[PDB]
Amino acid sequence: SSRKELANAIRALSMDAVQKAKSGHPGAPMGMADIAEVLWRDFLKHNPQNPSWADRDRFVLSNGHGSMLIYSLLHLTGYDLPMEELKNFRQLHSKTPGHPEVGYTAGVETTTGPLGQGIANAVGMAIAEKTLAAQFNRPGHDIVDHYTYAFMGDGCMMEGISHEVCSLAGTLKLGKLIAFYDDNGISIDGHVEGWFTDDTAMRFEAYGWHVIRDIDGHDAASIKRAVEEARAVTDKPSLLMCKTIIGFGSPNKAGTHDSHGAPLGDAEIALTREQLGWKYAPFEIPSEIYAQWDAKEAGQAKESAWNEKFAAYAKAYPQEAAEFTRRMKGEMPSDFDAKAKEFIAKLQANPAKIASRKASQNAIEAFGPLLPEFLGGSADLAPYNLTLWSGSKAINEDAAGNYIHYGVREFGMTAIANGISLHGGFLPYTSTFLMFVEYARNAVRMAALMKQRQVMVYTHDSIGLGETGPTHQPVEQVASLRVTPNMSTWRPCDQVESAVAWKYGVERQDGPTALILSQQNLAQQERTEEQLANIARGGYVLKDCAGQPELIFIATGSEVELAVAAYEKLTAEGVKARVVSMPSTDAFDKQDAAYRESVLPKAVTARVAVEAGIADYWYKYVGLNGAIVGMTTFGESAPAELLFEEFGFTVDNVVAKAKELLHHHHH
Amino acid sequence: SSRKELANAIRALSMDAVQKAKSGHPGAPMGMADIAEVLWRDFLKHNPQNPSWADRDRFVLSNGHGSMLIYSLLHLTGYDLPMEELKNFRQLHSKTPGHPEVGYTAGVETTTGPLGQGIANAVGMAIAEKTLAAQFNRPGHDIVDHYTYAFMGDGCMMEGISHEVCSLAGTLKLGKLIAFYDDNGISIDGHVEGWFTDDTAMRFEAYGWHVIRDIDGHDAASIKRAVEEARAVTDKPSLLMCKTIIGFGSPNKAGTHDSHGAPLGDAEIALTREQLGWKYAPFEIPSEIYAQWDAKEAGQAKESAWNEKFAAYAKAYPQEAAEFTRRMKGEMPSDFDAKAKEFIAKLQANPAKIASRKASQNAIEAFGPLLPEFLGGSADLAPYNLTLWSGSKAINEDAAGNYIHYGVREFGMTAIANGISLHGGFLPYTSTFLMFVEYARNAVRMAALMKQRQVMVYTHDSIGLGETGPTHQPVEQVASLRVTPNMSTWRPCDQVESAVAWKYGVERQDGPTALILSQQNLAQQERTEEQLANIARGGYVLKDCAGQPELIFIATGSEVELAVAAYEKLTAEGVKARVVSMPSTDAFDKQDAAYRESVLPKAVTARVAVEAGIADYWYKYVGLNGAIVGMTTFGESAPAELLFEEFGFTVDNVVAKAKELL
Ligand SMILES: Cc1ncc(C[n+]2csc(CCOP(=O)(O)OP(=O)(O)O)c2C)c(N)n1
Ligand SMILES: Cc1ncc(C[n+]2csc(CCOP(=O)(O)OP(=O)(O)O)c2C)c(N)n1
Ligand SMILES: [Ca+2]
Ligand SMILES: [Ca+2]
């Protein structure tokens, strides 16, 4: 078989799988098949029999709608993705969902589809490789050495996140990142010149990339020469400008928007087979074509050689090797749990009224020596988010460091960190003011969807930040996080809940954790040993009465102090009241029914929520017969103490609103 | 007097107001003061006595933390912003909040602070000027002719949204957009070379901008020559690369991150006065410096000249001039309410089972001839969002058109449309798949904060979109919109509710409206005249019983049919059941309490919400003793019919959950 025939196997499988599903995207797989054949057969270092090989190259499909391209590649090269699964493309519980999903499918590195985020993930994978190589490689022992290859299209280039992450990739001189741009002139509205006219090569040169122009994306020799050129440039990420024809092979739909996102149709597929000279029936591949596509023997040889290298490394550097293995597996140090509990107990015994952003920094300082896998950063807010600890070292200064200055790039930061978590070897944390979670919002969602461990440090969480005013004062952002599937969100009320939340976040293996942290100092609360242990249950009884409470206050973060003051006033008047601290609604909801009943008993309807955030959220825990002391508006520019008074976060107002339930549930 | 003395008045007012507040940002106002002095005194066309003059130039401070720069300029040039307000910078209910806010302060064009969005707004204002000029100017009568000037810094340049909107500005050849980049080498983390190394001039030339490099931002002659050159380039937006020193004037904090975001301190202010040669006490400005800065006399002359031009236009083009005035004031045509009601009544009388995305297109088609102020578009999804009507004309093809191909740029699109609404003259609508409201989320928030009218057309709203799978299937996005202050969100259940929602959106005067639209066909519900009129109240009784209900279903959008099916089953068993359709929770919540009680009586606790979105939202209406048939997870890639079954959107499950309450 010629290279074109081998590439046409991808075209056939893609158009036929889309046709059988009556759904999906034939255009990009057909347009990029020749590029994929050269990259995967001539360059990609991988082992289909072990998709988790630590030193494999990473491939990312940023134009993720072209999912049949990667399913064809994985199937043809010998991964555990049988033809039956391709026949079940886009069907319930198949290993071939409409967009590729990490975990669903052997060999898929990331979940893509939302445009722009795949190239961001690839930038994170390349940062991870560079940093891990710098931390672990030793003279004569280069155990980390692999490339990151990405495909992307016009949509990814138009998205702002491409600017964020490719600018930063240029700064960091990511010489093992090689991206292929599917320059096919077509997007969904039609010919892109009506809305997309950038000199993209010049733009990427402005970022410090090595750009290869005018590659014939349907000519294997041209593509191969370009990839060799990119691999020879070791000090810059490379962009290959690949001129392709969307839907290549279809006489009537190639080069048209009609090939982008719908089945070609059976008549058109017959004509496409005739144009391509592809004789085989749908889902039929001859043994000779598998023989040229299969990567099991080469892959075995390469991983075997790497294992020999790693064994030599382990003999010369046994502690480093043990750390590499631990970190690539995502395992925690064996003594971490005990040391973290010792830290938390020390805080509970030694009160300090500090901002929870400072309590967060103190937890980073405490955990940092125990977690060399941290790869942390802030989006140009290190002095405000308090993300640096004494052991931080920026990777633009020393590549073996552990800290990233992300610049003013919140979305790019968060999707890069998704790439860092997907790579293995690190535990990323990211940070910005909470308001600007809105800039990064879909990357946060994607971390949750992909079940990735990442700690998101979001500071300056309410009107408590004061004079900066309503553009920066969060109101509804925490509610948005709380209703996100698989998101964990903590709003700690003091330095002890802050440390507990950080411990929870770094030990959470199957999804991300957002910390909602104050600008201003928070009072430490008294806790018994039992209460201290109950912080991690998300919601717990902090103050109580004998018998059934007449009133339960539910409070979070900076408002627990206010709720406790109201509880004290009411208790002194002879009212039976309880205070529940709710640092994490998601962790509380995961507790069993008996525990939740013990904290929020169904008999007690007179519930008062107190939080400087949007009020409507709290109907979930207060019901229709309680009260909510919350925000219902945007904030205002003024000193924070005047804002808390103006918006009702006062002991007198909280007590008055509570007493209306002693007056209403009565009358 | 001397231009440096005149610029130093901005420096003094800025450092002193920050010091008095013990809060704020002296650095960028001190760094950009010489640029501002040249722009405002020599070029900017404006009238302090009427900040709403239709043909004024628009100025945007995208690096909005530098708010004392714009307050100093407004005060010095004679706007209604007295010295007492500058002395009340960042104080409760002052006219000088920490970031500039449109409406709070005479002369402020937009609310900035979130980096990158000011330049986006300015691109929108320049698109509005270009389009309005093409629509209204006539030979001998150029009634629209003004510039859009923007200041921006490193943070705006790093943000992705700058790439989206400046790319599109190049495509649209916005020759009256002129941006000044405060190239001062400093951001909050320190010297920017550790994280920001772009050849920014080369980047902007890649967008098709005219770029002027190596301007000395502290030399009036350098700056003035650059502005003249940019104004002579009429077929490209221009970027002026202005080298400045942050905190210019401060001997110990100039050129450092220490001048970015905190008071300089009293000692350092004294040293700064010495270095600048500024001899005036805090909040002292001599009469001659006001005389040199004041723009009232020239401004009134220019606006009067324009009024005379407009009067001549109105004599030659009376209908066009009346349209111009109406649109610039943001008024609706006087017969729009009646014509839209006639359309809605027609739909109710002529049932159709269509997707609410199609019903949306049909409302655009009906309203299009009535609302020439539409300036609509989609982020590369016209064939899916259905944003084109028969009279759509793309502005990249015809500058006098009414449609924008925004490309794959959801955040930039939304903030550009905020600029369009701020400009006056237009009613923007934007569109993408609902999932990607998450890419644009803070610009949506900013439309609400700024009380701007924009209709946001979000289609493909649930697991009903099918095989595309969980990256695209919305679950929690509608709940996020619903709890945003001043946002209106509509999830119509058929073509009639879709038209009512569109009417509500275009008739809003003080905020945005999000339409949550289905991929798939939705059955039309039968309605009495009273029900039909009550759609606009956001929640209404769609199916009822005699007497107090025993069970109330609350449903939205594509799930109303499912709730009606469950109602029919329970009604046939003899249950006193009701179905409430809730297309807009915010419109419902604004109703009088007797109305809300008539729909959701407080004595009836057996309430079942049905919506293919996140369940947690609905506790607001069902409380603790009801049921919610909603989503609690991400979606899955499969045909939509199978997903609705898999996730419990079945008559059997809805009926079972209801019977658990009875
Ligand atoms: C952030 C985001 N916005 C919108 C979409 C919907 N969408 C999918 S592909 C596409 C444009 C297709 O353009 P391109 O990447 O050039 O596709 P191709 O040439 O591969 O078909 C759009 C708008 C998306 N997937 N992600
Ligand atoms: C989207 C967004 N992210 C973060 C911030 C916080 N912030 C305010 S100013 C700034 C950096 C200031 O850098 P630059 O624009 O270069 O400021 P300057 O030189 O004018 O002081 C940051 C990160 C913000 N306002 N908006
Ligand atoms: Ca394309
Ligand atoms: Ca700067």
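To find a chain, count down the sequence lines: A is the first, B the second, and so on, and within it residues start at 1. FYI, side chains are in, hydrogens and waters are out, and symmetry mates aren't considered; it's all heavy atoms of this structure.
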*Asks:* Where does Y104(B) contact chain A at under 4.5 Å (heavy atoms): side chain, backbone, both or neither?
*Replies:*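 Just its side chain gets close to chain A.
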*Asks:* What part of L168(B) lies closer than 4.5 angstrom to a heavy atom of chain A: side chain, backbone, both or neither?
*Replies:*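 Interface part for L168(B): side chain.
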*Asks:* Return the option, out of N396(B), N442(B), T197(B), with the maximum number of heavy-atom pairs under 4.5 Å with chain A.
*Replies:*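 Looking at each of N396(B), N442(B), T197(B) in turn, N442(B) comes out on top.
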*Asks:* Under 4.5 Å heavy-atom distance to chain A, tell me which part of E397(B) shows up: side chain, backbone, both or neither.
*Replies:*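 It is neither, since no heavy atom gets under 4.5 Å.
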*Asks:* Under 4.5 Å from any heavy atom of chain B, what part of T632(A) do you find: side chain, backbone, both or neither?
*Replies:*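 For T632(A), the backbone is the part near chain B, not the side chain.
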*Asks:* Tell me, side chain or backbone of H472(A) under 4.5 Å from chain B's heavy atoms, or both, or neither?
*Replies:*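 When you check distances to chain B, only side chain atoms of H472(A) fall under 4.5 Å.
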*Asks:* If the plane angle is over 60° it's perpendicular, under 30° parallel, otherwise tilted; pick one for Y439(A) and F436(A).
*Replies:*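 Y439(A) vs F436(A) ring planes: perpendicular.
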*Asks:* Pick from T96(B), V192(B), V483(B), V437(B): which one has the most heavy-atom pairs with chain A under 4.5 Å?
*Replies:*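 Greatest number of close heavy-atom pairs with chain A: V483(B).
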*Asks:* Just verifying a value: how many Å separate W195(A) CH2 and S167(B) OG, rounded to the nearest 0.5 Å?
*Replies:*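 One finds 13.0 Å between CH2 of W195(A) and OG of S167(B).
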*Asks:* Dump the intermediate steps for side chain to side chain contact (heavy atoms under 4.5 Å, CB included) on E159(B) and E410(A), then the final yes or no.
*Replies:* CA-CA 8 Å; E159(B) 282 289 358; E410(A) 300 82 8; 2.5 Å; yes
*Asks:* Is any side-chain heavy atom of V475(B) closer than 4.5 Å to one of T633(B)?
*Replies:*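 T633(B) does not reach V475(B) side chain to side chain.
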*Asks:* Going through the checks in order, is the side chain to side chain donor-acceptor pair (under 3.5 Å) test met by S187(B) and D380(A)?
*Replies:* CA-CA 7 Å; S187(B) 68; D380(A) 197 46; 2.7 Å; yes
*Asks:* Please identify, among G469(B), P470(B), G208(B), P383(B), the residue contributing the most non-hydrogen atom pairs under 4.5 Å to chain A.
*Replies:*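 Among the listed options, the one with the most contacts to chain A is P470(B).
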*Asks:* Under 4.5 Å, counting heavy-atom pairs only, tell me which of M157(B), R441(B), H405(B) racks up the most with chain A.
*Replies:*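 Result: the option with the highest number of such pairs is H405(B).
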*Asks:* Examine whether an atom of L449(A) lies under 4.5 Å from a heavy atom of chain B, and if so say whether it belongs to the side chain, the backbone or both; otherwise answer neither.
*Replies:*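 When you check distances to chain B, atoms from both the backbone and side chain of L449(A) fall under 4.5 Å.
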*Asks:* Would a distance-only check, ignoring hydrogens and angles, find a side-chain to backbone donor-acceptor pair under 3.5 Å from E164(A) to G160(B)?
*Replies:*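 Between the backbone of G160(B) and the side chain of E164(A) there is a qualifying donor-acceptor contact (under 3.5 Å).
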*Asks:* Would you mind reporting whether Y617(B) and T585(B) have side-chain heavy atoms less than 4.5 Å apart?
*Replies:*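 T585(B) vs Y617(B): side chains touch.
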*Asks:* Could you tell me if the ring centre of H65(A) sits under 6.0 Å from that of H260(A)?
*Replies:*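 Ring centroids of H65(A) and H260(A) are less than 6.0 Å from each other.
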*Asks:* What part of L381(B) lies closer than 4.5 angstrom to a heavy atom of chain A: side chain, backbone, both or neither?
*Replies:*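 The answer is both parts of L381(B).
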*Asks:* Heavy atoms, side chains only, cut-off 4.5 Å: are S378(B) and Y406(B) in contact?
*Replies:*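 No, side chains not in contact.
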*Asks:* Which answer fits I404(B), side chain, backbone, both or neither, if we ask what part of it has an atom under 4.5 Å from a heavy atom of chain A?
*Replies:*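 Neither part; nothing is under 4.5 Å.
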*Asks:* Examine whether an atom of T112(B) lies under 4.5 Å from a heavy atom of chain A, and if so say whether it belongs to the side chain, the backbone or both; otherwise answer neither.
*Replies:*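 Contact with chain A: backbone only.
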*Asks:* Less than 4.0 Å between a side-chain N and a carboxylate O, is that true for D589(A) and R482(A)?
*Replies:*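 Here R482(A) does not pair with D589(A) in a salt bridge, since their nearest N and O are not under 4.0 Å apart.
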*Asks:* Where on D199(B) is there a heavy atom nearer than 4.5 Å to chain A: the side chain, the backbone, both, or neither?
*Replies:*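 Answer is both: backbone and side chain atoms of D199(B) are under 4.5 Å from chain A.
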*Asks:* Checking heavy atoms, do the side chain of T468(A), its backbone, both or neither come under 4.5 Å from chain B?
*Replies:*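 Both parts, backbone and side chain.
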*Asks:* Measure distances from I614(A) to the heavy atoms of chain B and classify the residue's part below 4.5 Å as side chain, backbone, both or neither.
*Replies:*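 Contact with chain B involves the side chain of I614(A) alone.
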*Asks:* Going by heavy atoms in the side chains, are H257(B) and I188(B) under 4.5 Å from each other?
*Replies:*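 In short, these two side chains do not touch, never coming nearer than 4.5 Å.
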*Asks:* Under a 4.5 Å heavy-atom cutoff, which of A638(B), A479(B), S637(B) has the most pairs with chain A?
*Replies:*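 Answer, by heavy-atom pair count under 4.5 Å with chain A: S637(B).
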*Asks:* When only pairs under 4.5 Å are counted, which of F634(A), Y619(A), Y621(A) shares the most heavy-atom pairs with chain B?
*Replies:*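 Greatest number of close heavy-atom pairs with chain B: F634(A).
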*Asks:* Find the one option among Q91(B), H25(B), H163(B) whose heavy-atom pairs under 4.5 Å with chain A are most numerous.
*Replies:*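 With the most close heavy-atom pairs to chain A, the winner is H163(B).
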*Asks:* Heavy-atom distances under 4.5 Å only: say whether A448(B) touches chain A with side chain, backbone, both or neither.
*Replies:*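 Looking at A448(B), backbone and side chain both touch chain A.
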*Asks:* Given that the side chain runs from C-beta out, which part of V622(A) has a heavy atom under 4.5 Å from chain B: side chain, backbone, both or neither?
*Replies:*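 Backbone only.
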*Asks:* May I ask you to check whether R409(B) and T432(B) show a side-chain donor-acceptor distance below 3.5 Å?
*Replies:*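 No, because no side-chain N or O of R409(B) sits under 3.5 Å from a partner of the opposite role on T432(B).
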*Asks:* Is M450(B) close to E101(B) at the side-chain level, that is, under 4.5 Å between some pair of heavy atoms?
*Replies:*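 Result no, sub-4.5 Å side-chain heavy-atom pair not found.
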*Asks:* Could you look at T111(B) and say if it's the side chain, the backbone, both or neither that has a heavy atom under 4.5 Å from chain A?
*Replies:*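 The side chain, not the backbone.
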*Asks:* Could you tell me whether the side chain of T484(B) and the main chain of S480(B) form a donor-acceptor pair under 3.5 Å?
*Replies:*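 At least one qualifying donor-acceptor pair exists.
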*Asks:* Below 4.5 Å from any heavy atom of chain B, which atoms of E636(A) appear? Answer side chain, backbone, both or neither.
*Replies:*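 Just its side chain gets close to chain B.
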*Asks:* If I measure from the heavy atoms of chain B, does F204(A) come under 4.5 Å with its side chain, its backbone, both, or neither?
*Replies:*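 The answer is neither part of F204(A).
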*Asks:* Does any non-hydrogen side-chain atom of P97(A) lie less than 4.5 Å from one of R90(A)?
*Replies:*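 Counting from C-beta outward, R90(A) and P97(A) never come under 4.5 Å.
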*Asks:* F411(A) versus chain B, heavy atoms under 4.5 Å apart: side chain, backbone, both or neither?
*Replies:*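 When you check distances to chain B, only side chain atoms of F411(A) fall under 4.5 Å.
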*Asks:* Go through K22(A) and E467(B) one step at a time and tell me if the salt bridge (charged side-chain N to carboxylate O under 4.0 Å, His left out) criterion holds.
*Replies:* CA-CA 10 Å; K22(A) 300 190 169 69; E467(B) 291 89 339; over 6 Å; no
*Asks:* So which residue, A206(A), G412(A), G190(A), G98(A), ends up with the most heavy-atom pairs under 4.5 Å with chain B?
*Replies:*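 Most heavy-atom pairs within the cutoff with chain B belong to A206(A).
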*Asks:* Measure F433(A) against the heavy atoms of chain B and call it side chain, backbone, both or neither at under 4.5 Å.
*Replies:*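 Neither part.
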*Asks:* Pick one of side chain, backbone, both or neither for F89(B), based on which atoms fall under 4.5 Å of a heavy atom in chain A.
*Replies:*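 The answer is neither part of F89(B).
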*Asks:* Non-hydrogen atoms of chain B under 4.5 Å away: do they reach the side chain of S94(A), the backbone, both or neither?
*Replies:*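 Interface part for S94(A): neither.
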*Asks:* Please state whether the side chain, the backbone, both or neither of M631(A) comes within less than 4.5 Å of a heavy atom of chain B.
*Replies:*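 No part of it gets close to chain B.
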*Asks:* Would you indicate whether the side-chain heavy atoms of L624(A) and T605(A) approach each other to under 4.5 Å?
*Replies:*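 No, every pair of side-chain atoms sits at 4.5 Å or beyond.
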